[PDB]
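A lone chain, given as structure tokens: the form deposited in one PDB entry.
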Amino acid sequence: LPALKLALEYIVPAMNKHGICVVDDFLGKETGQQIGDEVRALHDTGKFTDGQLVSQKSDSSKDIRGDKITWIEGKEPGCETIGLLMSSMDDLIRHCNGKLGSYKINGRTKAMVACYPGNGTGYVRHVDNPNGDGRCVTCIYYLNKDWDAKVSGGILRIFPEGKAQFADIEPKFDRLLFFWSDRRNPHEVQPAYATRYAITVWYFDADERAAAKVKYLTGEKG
């Protein structure tokens, strides 16, 4: 639907009420397929790398997350449809104005194209932005056709703060997902027994991000 109607009439309410919003059939089967093909070509270049952590303390990153990823701006040759995806997400966000909590969203990361090879690997329970690095909204587009979690696993399980029941999001094809990045939404990728693709972008809050960039260099002491 019109970015404006989806934003104001669905995304904004869902996000402020529950901190999670799912929009299925975001771009349609044709575009979704084109995106999937671009991701599979990118994977077939062999340029993917192990997913990394903000501050790794574990033996290896593989103990935490078991995916292979790359970062795309959306202007690279062969990624035009991923670019269309990123510009559509941006469209929705711009149309959310300052109605998504009290954040002033002025920027975002590049797209993280991610692949769980399907060998029983996933991502343990975690928070995307526990200690305030600017990330206020997580946006994930899934690409996996006829995915059956009872067979292939790979559920994204979110545990919204305070609620006694978690939520299981299947990584369905053409599904769009929004949720607060901070400690409100601890989540986990359960073991995936099949190749599981997803595209993520993190949107930033101006003030938080600006502070996050200075805290890295020094952080002073106390």
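Residue numbers here begin at 1 and follow the sequence given. Whichever C-alpha set is largest while still superposing within 1.5 Å between the two forms counts as the rigid core. Residues that one form lacks are left out of the comparison.
Beyond the structure shown, there is the form deposited in another entry, which is absent from this document and is the topic of what follows.
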Exercise for the section: Using a core superposition, identify the member of 185, 195, 33, 61 whose Cα displacement between the shown form and the other one reaches 2 Å or more. Expected result: 61
Practice task
Answer yes if the Cα of residue 52 shifts by 2 angstroms or more between the shown form and the other one on a rigid-core superposition, and no otherwise.
Solution key: yes
Exercise for the section: Might you say whether the CA atoms of residue 53 and residue 46 end up closer or farther apart in that other deposited form than in this form? Their distance differs by 3 Å or more. Expected result: closer
Exercise for the section: Report the direction of the Cα distance change between residue 55 and residue 70 in that other deposited form, compared with the displayed form, as closer or farther; the change is 3 Å or more. Expected result: closer
Practice task
Pull up the moving segments between the shown form and the other one: at least three consecutive residues, every CA shifted by 2 Å or more, rigid core held fixed.
Solution key: 52-62, 213-217
